[PDB]
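Shown next as structure tokens: one chain only, the form deposited in one PDB entry.
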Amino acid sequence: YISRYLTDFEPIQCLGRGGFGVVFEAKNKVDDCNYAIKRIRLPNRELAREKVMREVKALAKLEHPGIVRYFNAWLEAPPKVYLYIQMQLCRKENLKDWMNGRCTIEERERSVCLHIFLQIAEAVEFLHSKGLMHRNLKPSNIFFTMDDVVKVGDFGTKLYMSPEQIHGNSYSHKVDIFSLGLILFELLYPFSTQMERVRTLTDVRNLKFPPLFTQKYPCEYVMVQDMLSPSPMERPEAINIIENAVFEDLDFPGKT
């Protein structure tokens, strides 16, 4: 049996593993570039397989500076069945890592945080304009290119999902706005411990804010409140978030 993956690529390292499968770094022999290759074992459930095959087709249609860049997808059935997805190789550190490495307020300068957030929001508004939604927006699903442009993806815990999703109710694109609210807060508010992070984010979910955040960031405090509305209908659209005066003339020393 001839494996397309082993024929066309030189494996470099395993980048990570999940319930779906594995992500490798591998060099394409012909074009000499390094890629991230996600390998999915096709599920035994036929409706889950339907979802996988449909989502790869959807991914292939997507082109945006804030969405991980797609190259190829193929199936292999060795002597059960694997779907390989080839995408642009990003940096090791995702947004969760980035925040974990910047644990002081000095390391979360307003304009820097707003610049990162704006890119995420622009990626989400792109999805919403295409009649798509993310559903699983969280810092660990936010990646950086080698040039630090933020890339929204989905590697595949409940702290970022909308209340309607948690309860297993029907939902709309407004679920992504809820996740955006928590991400904006988390970018602006550094933590020293996981325990502090969990306690504070849980409070913020219920619209209980740390007093120093409300004082230092009145404008983003207002927009986080709006994005975290229990009622999905009263959450703003992503296009309304991106047009907020808060994102007007963002600049910081070292910005491209």
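In case it trips you up, residue 1 is the first one in the sequence shown, and so on. In this text, rigid core is short for the largest set of C-alphas that superpose within 1.5 Å between two forms.
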Looking at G101 and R102, the deposited sequence has unmodelled residues in between totalling none
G168 to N169: deposited residues not modelled, binned count -> none
Comparing mean C-alpha B factor in the record for 82-90 and 125-133, the higher one is 125-133
Comparing 175-183 with 157-165, the higher average Cα temperature factor in the PDB entry belongs to 157-165
Entry-reported C-alpha B-factor of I37 relative to its chain, by third, is lowest
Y70: CA B-factor among chain residues, third -> lowest
In terms of its chain's C-alpha B-factors, the third that includes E237 is the middle
Sorting the chain's modelled residues by C-alpha B-factor and splitting them into thirds places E196 in the highest
Among the modelled residues of its chain, the C-alpha B-factor of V224 falls in the third labelled middle
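Just so it is clear, the following notes concern the form deposited in another entry, a form of the same protein that is not shown.
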Across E63, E196, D203, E50, the single C-alpha shifting 2 angstroms or more between this form and the one not shown with the core held fixed is at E50
*Has the Cα of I239 moved 2 Å or more between this form and the one not shown, judged after a core fit?*
no
>> Rigid core superposed, CA of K216 - does it shift 2 Å or more between this form and the one not shown?
In response: no
After a rigid core superposition, would you say the CA of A26 moves by 2 angstroms or more between this form and the one not shown, or not? yes
